[PDB]
Amino acid sequence: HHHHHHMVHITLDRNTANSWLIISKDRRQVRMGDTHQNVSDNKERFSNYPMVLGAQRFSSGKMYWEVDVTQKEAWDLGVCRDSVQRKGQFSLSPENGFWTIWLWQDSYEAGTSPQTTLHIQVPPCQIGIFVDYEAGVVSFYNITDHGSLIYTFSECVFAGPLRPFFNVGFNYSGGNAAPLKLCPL
Ligand SMILES: CC(=O)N1C[C@H]2CC[C@@H]1c1ccccc12
């Protein structure tokens, strides 16, 4: 890929975060806490899962950012509609307004319905996410493997503004406490 030059400065939106998440002062890192984080509930917060949105909203153009996933056992990354459901149980699918990939139990999968197996030779420590609003494209790149393509969603029906989407995953095992981190330009 040569997509680096549509780089956008993403920050996390505290108000959308699950109440157990801890967002750094610079709003560039998020991790699971060991308890509820002493914040009020609001209609924006994801209730059931350790999810948060980016502050940025996109309705046009080309956007690129990178996320560090070092030493995590489980995570979800991509983009979603601003209008996605926040409360209760739901699946990550384009029909529900999500364009995502994940790591779960040593397998990488794209969030189609049903989910699609990914073929990654070099487990990634850093993921690049590229959105072309007009083209209807969301692509994922393996930064650890010289930017090799992971997966492309095409003919996407965004149907409104998009937000960067993050899930740090649960930490039942004790091996998934590490943060997601937005990487510098
Ligand atoms: C009581 C309850 O249902 N939970 C507590 C904890 C672990 C599972 C679930 C949950 C969802 C989101 C964030 C934190 C949690």
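Rules behind the numbers
- Residues numbered from 1 in each chain as written, not as in the entry; some residues may be left out.
- Heavy atoms only, no water.
- Residues with missing side-chain atoms left out of burial classes, pairs and counts.
- Helix = DSSP H or I, 4+ residues; strand = E, 2+ residues; numbered from the N terminus.
- Rg over C-alpha atoms; globule rule 2.2 N^0.38 Å.
- Buried < 20%, exposed > 50% of the residue type's maximum accessible area, 1.4 Å probe, protein only.
- Pairing = 2+ DSSP bridges.
- Near = heavy atom within 4 Å.
- Areas by Shrake-Rupley, 256 points an atom, 1.4 Å probe, with all protein chains shown as cover.
- Nonpolar A, V, L, I, M, F, W, Y, C, P; charged D, E, K, R; others polar.
- Core = buried A, V, L, I, M, F, W, Y, C linked by side-chain atoms within 4.5 Å.
- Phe/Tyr/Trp six-rings, centres within 6.5 Å; stacked < 30°, edge-to-face > 60°.
- Salt bridge = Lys/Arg side-chain N within 4 Å of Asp/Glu carboxyl O.
- Axes fitted to C-alpha atoms, helices over the stretch in contact; angles between N-to-C directions.

In terms of determination method and resolution, the entry is listed under X-ray crystallography at 1.3500 Å.

The name given to the chain in the PDB entry is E3 ubiquitin-protein ligase TRIM21, with Mus musculus as the source organism.

Asks: Can you lay out the overall build of the chain for me, pointing to particular residues and giving the numbers?
Replies: Within the chain, the secondary structure is distributed over zero helices and 13 strands. Listed N to C, the secondary structure of the chain is β-β-β-β-β-β-β-β-β-β-β-β-β in terms of helices and strands. Computed over its C-alpha atoms, the radius of gyration of the chain comes to 15 Å, within 12% of the 16 Å expected for a compact globule of 185 residues. C-alpha atoms of the chain, sized along the principal axes, occupy 40 × 35 × 35 Å.

Asks: Which residues make up the pairing of strand β2 (residues 29-32), and what values do they have?
Replies: Residues of β2 alternate between two faces, with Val-30 and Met-32 buried on one and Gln-29 and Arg-31 left unburied on the opposite face. Pairing geometry for strand β1 (residues 21-23) and β2, over three bridges, is antiparallel. Across the sheet, residue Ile-23 finds its bridge partner in β2, namely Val-30.

Asks: Would you mind going over the site of the ligand in detail, with residue names and values included?
Replies: Near the ligand you find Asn-18, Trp-20, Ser-47, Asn-48, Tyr-49, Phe-170 and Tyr-172, and these make up its full shell. Protein chains shield 53% of the accessible area of the ligand, which is 360 Å² for the free molecule. Here the shell around the ligand is built from residues that sort into four nonpolar, three polar and no charged.

Asks: If you had to explain the nonpolar core to someone new, which residues and values would you point to?
Replies: Judged by nonpolar contacts, the single largest core of 38 residues is most densely connected at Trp-65 and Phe-166. Listed in part, the eleven residues of the second largest apolar core include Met-51, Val-84, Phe-90 and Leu-92.

Asks: Describe the packing of aromatic side chains, naming the residues involved and giving the relevant values.
Replies: To describe a pair of aromatic rings, you give the distance between the ring centres and the angle between the ring planes. Counted according to the given criterion, the structure contains twelve aromatic pairs. Their ring planes at 65° and their centres at 6.3 Å tell us that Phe-140 and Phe-153 sit as a pair that is edge-to-face. Of this pair, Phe-140 sits in strand β10 (residues 137-142) while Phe-153 sits in strand β11 (residues 148-153), placing them 13 residues apart in sequence. Just as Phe-140 is buried, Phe-153 falls in that class too. Residues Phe-170 and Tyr-172 carry aromatic rings whose centres are separated by 5.4 Å and whose planes lie at 35° to one another, so their mutual orientation is tilted. In this structure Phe-170 comes out as partly exposed when scored by relative accessible area, which is 38%.

Asks: Help me get a handle on the pattern of salt bridges, residues and values and all.
Replies: A complete count under the given rule lists three salt bridges for this structure. Measuring nitrogen to oxygen at the nearest pair gives 3.0 Å for the salt bridge that ties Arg-163 to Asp-13. With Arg-163 in strand β12 (residues 162-167) and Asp-13 in the segment before β1, this residue pair connects regions lying 150 residues apart in the sequence. Assigned by exposure class, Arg-163 and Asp-13 land together as buried. With its nearest N and O atoms 3.7 Å apart, the salt bridge here joins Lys-87 to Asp-41. Of this pair, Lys-87 sits in the loop between β5 (75-81) and β6 (98-104) while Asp-41 sits in the loop between β2 and β3 (51-53), and the two are 46 residues apart along the sequence. Assessed through its relative accessible area of 34%, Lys-87 is described here as partly exposed.

Asks: I'd like a rundown of the sheet that holds strand β13 (residues 180-182), residues and numbers included.
Replies: Each strand in a sheet pairs with its neighbour through backbone hydrogen bonds, running either in the same direction (parallel) or in the opposite one (antiparallel). The strand order across the open sheet formed by seven strands is β1-β2-β13-β4-β9-β10-β11, and the pairing between neighbours is antiparallel. Across the chains shown, the open sheet's two edge strands, defined by having one partner strand only, are β1 and β11. Here the average twist between neighbouring strands, direction ignored, is 20°. Bridge analysis of strand β4 (residues 62-68) against strand β9 (residues 126-132) gives seven bridges, and the strand direction is antiparallel. Opposite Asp-68, over in β9, you have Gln-126 as the bridge partner.

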